[PDB]
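Student: Dropping in target12.txt, with compact mmCIF, C-alpha atoms and all ligand atoms.
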# COMPACT_ATOMS: atom_id res chain seq x y z
CA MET A 194 153.85 192.03 54.27
CA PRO A 195 152.90 195.67 53.73
CA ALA A 196 153.98 198.00 51.02
CA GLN A 197 157.38 199.63 50.60
CA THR A 198 156.18 201.95 47.85
CA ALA A 199 157.56 205.16 49.28
CA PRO A 200 161.18 205.93 48.40
CA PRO A 201 163.72 205.05 51.05
CA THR A 202 164.35 207.83 53.54
CA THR A 203 165.18 207.44 57.20
CA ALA A 204 161.72 208.77 58.04
CA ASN A 205 159.99 206.44 55.58
CA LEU A 206 161.83 203.41 56.95
CA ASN A 207 161.00 204.43 60.52
CA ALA A 208 157.36 204.69 59.45
CA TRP A 209 157.50 201.35 57.67
CA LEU A 210 158.93 199.65 60.76
CA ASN A 211 156.16 201.16 62.90
CA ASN A 212 153.57 199.96 60.42
CA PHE A 213 155.19 196.52 60.49
CA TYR A 214 154.92 196.35 64.28
CA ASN A 215 151.32 197.55 64.16
CA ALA A 216 150.41 194.99 61.52
CA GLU A 217 152.23 192.21 63.38
CA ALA A 218 150.45 193.03 66.64
CA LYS A 219 147.17 191.99 64.97
CA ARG A 220 148.51 188.56 63.98
CA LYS A 221 147.78 185.38 65.91
CA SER A 222 148.25 181.71 65.21
CA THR A 223 144.82 180.49 66.29
CA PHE A 224 144.57 177.11 67.93
CA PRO A 225 141.38 175.03 68.18
CA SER A 226 139.58 174.86 71.50
CA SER A 227 139.91 171.06 71.52
CA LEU A 228 141.24 168.22 69.44
CA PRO A 229 138.87 165.98 67.46
CA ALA A 230 138.00 162.89 69.42
CA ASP A 231 139.68 160.69 66.79
CA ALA A 232 142.87 162.79 66.83
CA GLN A 233 146.05 160.77 66.44
CA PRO A 234 148.65 161.60 69.13
CA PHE A 235 152.20 162.44 68.14
CA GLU A 236 155.33 164.06 69.53
CA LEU A 237 156.44 167.51 68.43
CA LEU A 238 160.19 168.07 68.70
CA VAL A 239 161.45 171.61 68.10
CA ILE A 240 165.22 171.59 67.63
CA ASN A 241 166.50 175.11 68.26
CA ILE A 242 170.09 175.42 67.04
CA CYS A 243 172.62 178.06 68.02
CA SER A 244 174.86 179.69 65.41
CA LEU A 245 173.59 178.22 62.13
CA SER A 246 172.60 180.26 59.07
CA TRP A 247 172.60 179.54 55.34
CA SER A 248 175.72 181.72 55.08
CA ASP A 249 177.54 179.66 57.72
CA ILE A 250 176.61 176.38 56.04
CA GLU A 251 177.82 177.69 52.69
CA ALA A 252 181.08 178.89 54.29
CA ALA A 253 181.58 175.45 55.88
CA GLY A 254 180.83 173.61 52.63
CA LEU A 255 177.79 171.86 54.11
CA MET A 256 174.98 173.16 51.88
CA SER A 257 174.68 169.71 50.34
CA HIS A 258 174.91 167.71 53.56
CA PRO A 259 172.35 164.87 53.35
CA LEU A 260 170.46 166.37 56.31
CA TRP A 261 169.08 169.19 54.16
CA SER A 262 167.60 166.79 51.60
CA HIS A 263 166.01 164.64 54.34
CA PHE A 264 163.30 167.16 55.33
CA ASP A 265 159.74 167.05 54.09
CA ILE A 266 159.42 170.85 54.17
CA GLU A 267 162.17 173.45 53.97
CA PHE A 268 161.89 177.23 54.34
CA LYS A 269 164.38 178.91 52.01
CA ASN A 270 163.81 182.45 53.32
CA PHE A 271 163.13 182.12 57.04
CA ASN A 272 164.16 185.07 59.20
CA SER A 273 165.32 184.50 62.77
CA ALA A 274 164.49 188.15 63.64
CA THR A 275 167.51 188.46 65.98
CA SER A 276 171.14 187.45 66.32
CA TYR A 277 171.19 186.62 70.04
CA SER A 278 170.27 183.34 71.70
CA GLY A 279 167.92 184.47 74.46
CA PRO A 280 165.86 186.68 72.15
CA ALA A 281 165.75 183.92 69.53
CA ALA A 282 164.40 181.39 72.04
CA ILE A 283 161.84 183.90 73.31
CA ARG A 284 160.70 184.61 69.75
CA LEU A 285 160.35 180.92 69.00
CA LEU A 286 158.53 180.27 72.28
CA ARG A 287 156.22 183.18 71.38
CA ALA A 288 155.75 181.84 67.85
CA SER A 289 151.96 181.99 67.98
CA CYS A 290 151.77 185.80 67.87
CA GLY A 291 153.02 188.39 65.43
CA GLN A 292 156.62 189.55 65.63
CA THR A 293 157.27 192.13 68.34
CA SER A 294 160.08 194.58 68.90
CA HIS A 295 163.07 193.45 70.94
CA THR A 296 161.86 195.48 73.93
CA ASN A 297 158.51 193.70 73.93
CA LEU A 298 160.22 190.31 74.21
CA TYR A 299 160.90 191.27 77.82
CA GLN A 300 157.35 192.45 78.49
CA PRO A 301 154.57 189.90 79.02
CA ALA A 302 152.70 188.68 75.97
CA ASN A 303 149.21 187.25 75.69
CA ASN A 304 149.13 183.68 76.97
CA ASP A 305 147.99 182.42 73.57
CA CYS A 306 151.24 183.73 72.11
CA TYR A 307 153.16 180.91 73.80
CA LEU A 308 153.38 178.00 71.34
CA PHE A 309 153.97 175.31 73.95
CA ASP A 310 151.30 176.69 76.25
CA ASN A 311 148.85 176.51 73.33
CA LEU A 312 149.87 172.88 72.85
CA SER A 313 149.51 172.14 76.55
CA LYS A 314 145.87 173.27 76.41
CA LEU A 315 145.38 170.58 73.77
CA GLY A 316 146.99 167.94 75.95
CA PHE A 317 150.66 167.91 74.87
CA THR A 318 153.06 167.32 77.75
CA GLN A 319 155.76 169.99 77.66
CA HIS A 320 159.42 168.99 77.76
CA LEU A 321 162.40 171.31 78.01
CA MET A 322 165.66 169.78 76.80
CA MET A 323 169.11 171.28 76.31
CA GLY A 324 172.48 170.08 75.13
CA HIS A 325 174.05 172.39 77.74
CA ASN A 326 173.22 173.88 81.11
CA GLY A 327 171.80 177.19 79.82
CA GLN A 328 173.80 179.30 82.28
CA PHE A 329 175.85 181.33 79.80
CA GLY A 330 174.18 184.61 78.91
CA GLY A 331 171.38 183.89 81.35
CA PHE A 332 169.81 181.85 78.57
CA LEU A 333 167.78 179.42 80.68
CA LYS A 334 166.54 182.26 82.88
CA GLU A 335 165.25 184.07 79.78
CA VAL A 336 163.62 180.87 78.50
CA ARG A 337 161.77 180.62 81.80
CA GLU A 338 160.98 184.26 82.56
CA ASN A 339 160.26 185.56 79.07
CA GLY A 340 159.75 182.39 77.06
CA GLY A 341 157.30 181.19 79.70
CA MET A 342 158.79 177.69 79.70
CA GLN A 343 158.70 176.43 83.29
CA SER A 344 159.15 172.67 82.71
CA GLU A 345 161.92 170.89 84.59
CA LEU A 346 165.06 170.65 82.51
CA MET A 347 165.17 167.10 81.18
CA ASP A 348 167.73 165.06 83.08
CA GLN A 349 171.26 165.52 81.76
CA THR A 350 173.12 163.26 84.19
CA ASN A 351 175.58 160.84 82.57
CA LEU A 352 175.30 162.37 79.10
CA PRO A 353 178.59 162.24 77.17
CA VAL A 354 180.33 165.58 76.73
CA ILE A 355 181.66 166.37 73.25
CA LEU A 356 182.75 169.98 73.70
CA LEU A 357 183.39 172.45 76.47
CA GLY A 358 182.10 175.96 76.16
CA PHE A 359 184.09 179.17 76.59
CA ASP A 360 182.85 179.13 80.28
CA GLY A 361 184.11 175.47 80.65
CA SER A 362 180.51 174.19 80.86
CA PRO A 363 179.56 170.96 79.13
CA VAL A 364 178.24 170.62 75.61
CA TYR A 365 176.42 167.29 75.45
CA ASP A 366 176.43 164.93 72.50
CA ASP A 367 173.25 165.51 70.50
CA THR A 368 172.90 161.83 69.64
CA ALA A 369 172.84 161.01 73.35
CA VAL A 370 170.43 163.83 74.17
CA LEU A 371 168.05 162.83 71.41
CA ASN A 372 168.17 159.15 72.24
CA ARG A 373 167.36 160.00 75.85
CA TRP A 374 164.49 162.13 74.51
CA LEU A 375 163.05 158.99 72.90
CA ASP A 376 163.00 157.23 76.26
CA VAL A 377 161.75 160.21 78.28
CA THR A 378 158.84 160.80 75.91
CA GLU A 379 158.04 157.09 76.01
CA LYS A 380 157.93 157.23 79.81
CA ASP A 381 156.06 160.53 80.30
CA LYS A 382 152.63 158.79 80.52
CA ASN A 383 151.34 160.85 77.60
CA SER A 384 150.82 159.78 74.00
CA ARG A 385 151.56 163.36 72.90
CA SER A 386 154.26 165.78 73.92
CA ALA A 387 155.92 168.95 72.66
CA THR A 388 159.61 169.48 73.33
CA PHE A 389 161.70 172.61 73.13
CA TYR A 390 165.28 171.43 72.56
CA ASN A 391 168.07 174.01 72.55
CA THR A 392 171.47 172.89 71.37
CA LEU A 393 174.62 174.88 70.79
CA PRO A 394 177.59 172.74 69.66
CA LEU A 395 178.22 175.34 66.92
CA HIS A 396 178.64 178.17 69.48
CA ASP A 397 181.78 180.31 69.36
CA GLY A 398 184.37 179.27 71.88
CA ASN A 399 183.41 175.60 72.01
CA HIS A 400 186.46 173.37 72.12
CA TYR A 401 187.28 169.71 72.48
CA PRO A 402 188.29 168.61 75.98
CA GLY A 403 192.01 169.20 76.39
CA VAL A 404 192.24 171.55 73.40
CA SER A 405 192.40 175.27 73.98
CA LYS A 406 191.65 176.59 70.48
CA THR A 407 187.99 176.57 69.58
CA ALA A 408 187.08 173.62 67.47
CA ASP A 409 186.72 173.90 63.69
CA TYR A 410 183.17 175.05 62.93
CA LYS A 411 182.97 172.83 59.86
CA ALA A 412 183.92 169.71 61.83
CA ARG A 413 181.36 170.42 64.56
CA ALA A 414 178.67 171.14 62.00
CA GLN A 415 179.45 168.00 60.02
CA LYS A 416 179.17 165.94 63.20
CA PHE A 417 176.01 167.72 64.34
CA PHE A 418 174.35 167.31 60.93
CA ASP A 419 175.48 163.68 60.81
CA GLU A 420 173.94 163.10 64.23
CA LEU A 421 170.69 164.84 63.37
CA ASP A 422 170.41 162.93 60.10
CA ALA A 423 171.14 159.63 61.82
CA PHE A 424 168.56 160.48 64.47
CA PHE A 425 166.03 160.98 61.67
CA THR A 426 166.89 157.44 60.56
CA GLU A 427 166.52 156.04 64.11
CA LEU A 428 163.21 157.91 64.33
CA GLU A 429 161.87 156.52 61.06
CA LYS A 430 162.67 153.05 62.38
CA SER A 431 160.96 153.57 65.74
CA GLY A 432 157.59 153.78 63.97
CA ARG A 433 156.75 156.63 66.31
CA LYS A 434 154.68 159.56 65.07
CA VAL A 435 156.85 162.65 65.39
CA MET A 436 156.89 166.10 63.87
CA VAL A 437 160.40 167.58 63.95
CA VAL A 438 160.95 171.28 63.38
CA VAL A 439 164.58 172.33 62.99
CA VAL A 440 164.88 176.08 63.70
CA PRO A 441 168.25 177.77 64.15
CA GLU A 442 168.33 180.63 66.61
CA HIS A 443 170.59 182.75 64.38
CA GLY A 444 173.81 182.31 62.45
CA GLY A 445 177.28 182.11 63.92
CA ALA A 446 178.41 185.08 61.82
CA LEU A 447 181.20 183.05 60.18
CA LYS A 448 181.44 185.46 57.22
CA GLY A 449 181.71 189.14 58.17
CA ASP A 450 181.06 192.14 56.00
CA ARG A 451 182.23 195.76 55.63
CA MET A 452 180.13 196.80 58.63
CA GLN A 453 180.46 193.88 61.06
CA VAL A 454 183.48 191.60 61.33
CA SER A 455 183.23 187.81 61.55
CA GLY A 456 181.95 186.41 64.83
CA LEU A 457 180.33 189.63 66.04
CA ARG A 458 176.54 189.66 66.24
CA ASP A 459 175.70 193.16 67.54
CA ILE A 460 173.88 193.84 64.26
CA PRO A 461 171.28 191.21 63.24
CA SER A 462 172.44 191.30 59.63
CA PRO A 463 170.67 189.44 56.81
CA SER A 464 173.44 186.85 56.61
CA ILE A 465 173.11 186.12 60.32
CA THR A 466 169.31 185.92 60.43
CA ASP A 467 168.63 184.05 57.17
CA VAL A 468 168.47 180.56 58.67
CA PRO A 469 167.44 177.16 57.23
CA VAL A 470 164.24 175.82 58.77
CA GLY A 471 163.18 172.24 58.09
CA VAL A 472 160.19 170.14 59.04
CA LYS A 473 160.05 166.38 58.88
CA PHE A 474 157.23 163.99 59.76
CA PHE A 475 158.00 160.52 61.06
CA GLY A 476 155.75 157.50 61.35
CA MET A 477 153.39 158.48 58.54
CA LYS A 478 151.37 155.83 56.75
CA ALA A 479 152.36 157.65 53.53
CA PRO A 480 155.77 159.26 54.19
CA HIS A 481 156.71 162.14 51.94
CA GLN A 482 158.41 160.95 48.78
CA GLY A 483 161.12 162.85 46.99
CA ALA A 484 162.96 166.03 47.66
CA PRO A 485 161.84 168.55 50.31
CA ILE A 486 158.99 170.90 49.52
CA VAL A 487 160.67 174.30 49.48
CA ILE A 488 158.71 177.27 50.79
CA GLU A 489 160.25 180.35 49.22
CA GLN A 490 158.13 183.15 50.62
CA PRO A 491 159.54 185.26 53.47
CA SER A 492 158.69 183.41 56.66
CA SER A 493 159.37 183.44 60.38
CA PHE A 494 158.08 181.84 63.57
CA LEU A 495 154.40 182.54 62.90
CA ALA A 496 154.58 180.10 59.97
CA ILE A 497 155.89 177.35 62.27
CA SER A 498 153.00 177.91 64.66
CA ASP A 499 150.45 177.85 61.85
CA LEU A 500 152.01 174.71 60.37
CA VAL A 501 151.74 173.01 63.76
CA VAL A 502 148.11 174.10 63.97
CA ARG A 503 147.42 172.43 60.61
CA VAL A 504 148.53 168.99 61.83
CA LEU A 505 147.26 169.12 65.44
CA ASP A 506 144.75 166.35 64.83
CA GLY A 507 147.60 164.03 63.81
CA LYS A 508 145.67 162.74 60.82
CA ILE A 509 148.66 163.48 58.61
CA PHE A 510 150.23 160.43 60.23
CA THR A 511 147.49 158.01 59.18
CA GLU A 512 146.25 159.40 55.85
CA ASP A 513 146.82 157.45 52.66
CA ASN A 514 146.96 160.47 50.35
CA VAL A 515 148.50 163.44 52.12
CA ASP A 516 147.70 166.76 50.45
CA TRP A 517 151.20 168.17 50.77
CA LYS A 518 150.34 171.14 48.55
CA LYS A 519 147.54 172.24 50.84
CA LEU A 520 149.68 171.66 53.93
CA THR A 521 152.47 173.89 52.58
CA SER A 522 150.38 176.57 50.83
CA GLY A 523 149.04 179.78 52.30
CA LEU A 524 151.26 179.77 55.37
CA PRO A 525 151.77 183.22 56.88
CA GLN A 526 154.51 185.38 55.44
CA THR A 527 156.58 187.68 57.62
CA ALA A 528 158.84 190.45 56.41
CA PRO A 529 162.53 189.93 57.32
CA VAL A 530 162.75 192.37 60.22
CA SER A 531 165.44 191.63 62.80
CA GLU A 532 166.33 193.24 66.10
CA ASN A 533 168.68 193.12 69.03
CA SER A 534 168.80 195.74 71.74
CA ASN A 535 169.11 199.03 69.90
CA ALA A 536 169.84 197.56 66.47
CA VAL A 537 167.18 196.88 63.84
CA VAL A 538 167.69 195.45 60.35
CA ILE A 539 165.07 195.48 57.58
CA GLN A 540 164.83 194.88 53.87
CA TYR A 541 163.29 197.86 52.10
CA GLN A 542 162.69 197.50 48.36
CA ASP A 543 164.90 194.41 48.53
CA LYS A 544 167.88 196.25 50.04
CA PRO A 545 168.92 195.83 53.72
CA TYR A 546 169.19 198.76 56.11
CA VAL A 547 170.34 199.02 59.68
CA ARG A 548 169.26 201.47 62.36
CA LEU A 549 171.37 201.60 65.53
CA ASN A 550 170.08 203.38 68.71
CA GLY A 551 167.56 205.51 66.79
CA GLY A 552 170.19 206.93 64.42
CA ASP A 553 169.58 207.10 60.69
CA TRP A 554 168.84 204.06 58.57
CA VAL A 555 172.15 203.16 56.95
CA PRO A 556 172.35 200.94 53.85
CA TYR A 557 173.74 197.62 54.99
CA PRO A 558 176.52 196.01 52.87
CA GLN A 559 175.07 193.63 50.26
MG MG B 601 154.78 159.84 75.82
ZN ZN B 602 172.75 181.25 69.95
Once more with this new file: its structure as structure tokens, please.

Tutor:
Amino acid sequence: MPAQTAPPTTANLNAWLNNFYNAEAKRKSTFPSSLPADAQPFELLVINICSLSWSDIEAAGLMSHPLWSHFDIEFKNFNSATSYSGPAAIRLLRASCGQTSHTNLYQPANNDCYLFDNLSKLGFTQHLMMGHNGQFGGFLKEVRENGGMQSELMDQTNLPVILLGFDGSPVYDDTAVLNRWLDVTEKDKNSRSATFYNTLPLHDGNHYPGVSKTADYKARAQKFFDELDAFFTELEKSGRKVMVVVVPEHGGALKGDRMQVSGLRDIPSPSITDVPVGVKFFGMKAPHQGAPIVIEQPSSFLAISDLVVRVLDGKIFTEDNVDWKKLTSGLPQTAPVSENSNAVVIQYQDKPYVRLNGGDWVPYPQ
């Protein structure tokens, strides 16, 4: 996180953004060349959630849902760096390198930028899982072409449908998807796997079968958080060693502002990109006791990659005295810079600004 000493001017913010990109380009999440020979295998499950920010959860009265107190680690100031689904998945799939501009999401990146490819080199079977068919917005195509994720889509046949999207496509029940994930990872002939799971029940336009109005966001979120929390309980009981990372793509923009009305995401505003990220470890000999460890520093995907690197050997799952402080200290910080095509949002001296299509930086409503 480099200096914002100069007074805010459009030129100074342009320069700061350039310096941010240049500093980010030097950042890698470095993986070991091999695992220790006594490594303990485990499953990594990355749950990538559409349309979920702190602001949304507060608007829906779900800040105190039991899910949020169930995590071992929680990032209080994680930035999604974008307000669109495809870009958010690409950024997460490229978690192992510094944050790039929007444009550079659609240019190749170094192979060691690709989190799941880094894990594959260490022996983790890759799984791609979705609670939908990925057709809307060309999402699955972007996951494959720019996120580098070529794995077969995990079988979705016979999954119960809980919502229909705006396009009439199915939204599958997360409980059913996740319970199938348990079986598929058991049957994949590998003791370790890493799964990218994208789920969007909170998407705009989703409606119950037979009902034309889109379903209440709060109701869908309550059910989704109930299901995720109950899955955590099923997972604890399985005895299986699992690291779960819950990473929203971006908020649903429930609460608008003076510049951008509710539901619109053209501008990746702070309220849209400030998303809760949680990590929970299952099957530990010494499970984390007490309330989540809260990481307050500004964070983004690079911190997820570096956290995964820290536990690659799986010893966290068998240690008697886990050094949670060490595990959660010194993770990489990332300034809250967010981009879509031709819109960039930054915090400069703790105030947000927006720059659209190379116009001036405009103070963003606070
Ligand atoms: Mg397996
Ligand atoms: Zn999304």

Student: Within 10 Å of (162.5, 194.4, 60.0) (file coordinates; all atoms listed in the file), which protein or nucleic acid residues are there? I'd like them as a tab-separated table (two decimals) with C-alpha atoms, keeping the file's coordinate frame.

Tutor:
chain	number	residue	atom	x	y	z
A	206	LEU	CA	161.83	203.41	56.95
A	209	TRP	CA	157.50	201.35	57.67
A	210	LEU	CA	158.93	199.65	60.76
A	211	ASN	CA	156.16	201.16	62.90
A	213	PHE	CA	155.19	196.52	60.49
A	214	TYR	CA	154.92	196.35	64.28
A	272	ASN	CA	164.16	185.07	59.20
A	274	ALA	CA	164.49	188.15	63.64
A	275	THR	CA	167.51	188.46	65.98
A	292	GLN	CA	156.62	189.55	65.63
A	294	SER	CA	160.08	194.58	68.90
A	461	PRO	CA	171.28	191.21	63.24
A	527	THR	CA	156.58	187.68	57.62
A	528	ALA	CA	158.84	190.45	56.41
A	529	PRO	CA	162.53	189.93	57.32
A	530	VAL	CA	162.75	192.37	60.22
A	531	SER	CA	165.44	191.63	62.80
A	532	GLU	CA	166.33	193.24	66.10
A	537	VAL	CA	167.18	196.88	63.84
A	538	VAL	CA	167.69	195.45	60.35
A	539	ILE	CA	165.07	195.48	57.58
A	540	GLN	CA	164.83	194.88	53.87
A	541	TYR	CA	163.29	197.86	52.10
A	545	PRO	CA	168.92	195.83	53.72
A	546	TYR	CA	169.19	198.76	56.11
A	547	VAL	CA	170.34	199.02	59.68

Student: Would you tabulate, counting all atoms listed in the file, all residues of chain A that have an atom at most 10 Å from an atom of ligand ZN 602 (chain B), showing the closest pair of atoms and their distance in Å to one decimal, sorted by chain then ascending number, as a tab-separated table?

Tutor:
residue	atom	partner	partner_atom	distance
A:241	CA	B:ZN602	ZN	8.9
A:242	CA	B:ZN602	ZN	7.0
A:243	CA	B:ZN602	ZN	3.7
A:244	CA	B:ZN602	ZN	5.2
A:245	CA	B:ZN602	ZN	8.4
A:275	CA	B:ZN602	ZN	9.8
A:276	CA	B:ZN602	ZN	7.4
A:277	CA	B:ZN602	ZN	5.6
A:278	CA	B:ZN602	ZN	3.7
A:279	CA	B:ZN602	ZN	7.4
A:280	CA	B:ZN602	ZN	9.0
A:281	CA	B:ZN602	ZN	7.5
A:282	CA	B:ZN602	ZN	8.6
A:330	CA	B:ZN602	ZN	9.7
A:332	CA	B:ZN602	ZN	9.1
A:391	CA	B:ZN602	ZN	9.0
A:392	CA	B:ZN602	ZN	8.6
A:393	CA	B:ZN602	ZN	6.7
A:394	CA	B:ZN602	ZN	9.8
A:395	CA	B:ZN602	ZN	8.6
A:396	CA	B:ZN602	ZN	6.7
A:397	CA	B:ZN602	ZN	9.1
A:441	CA	B:ZN602	ZN	8.1
A:442	CA	B:ZN602	ZN	5.6
A:443	CA	B:ZN602	ZN	6.2
A:444	CA	B:ZN602	ZN	7.6
A:445	CA	B:ZN602	ZN	7.6
A:458	CA	B:ZN602	ZN	9.9

Student: Neighbours of ligand MG 601 (chain B) within 12 Å, counting all atoms listed in the file, as a list in words?

Tutor: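 The neighbouring residues of ligand MG 601 (chain B) are, in order, residues 234, 235, 236, 237, 316, 317, 318, 319, 320, 374, 375, 376, 377, 378, 379, 380, 381, 382, 383, 384, 385, 386, 387, 388, 433, 434 and 435 of chain A.
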
Student: List every protein, DNA or RNA residue that has at least one atom no more than 12 Å from (188.6, 166.1, 79.5) in the file's coordinates, counting all atoms listed in the file, and write the result as a list in words.

Tutor: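 Applying the cut-off with all atoms listed in the file, one gets residues 353, 354, 355, 356, 357, 361, 362, 363, 364, 400, 401, 402, 403, 404 and 405 of chain A.
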
Student: What separation in Å, quoted to one decimal, exists between CA of residue 308 (chain A) and CA of residue 420 (chain A)?

Tutor: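 Taking CA of residue 308 (chain A) and CA of residue 420 (chain A), their separation equals 26.4 Å.
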
Student: I'd like to know which of A:454, A:502, A:428, A:414 is closest to residue 372 (chain A), using only C-alpha atoms.

Tutor: A:428
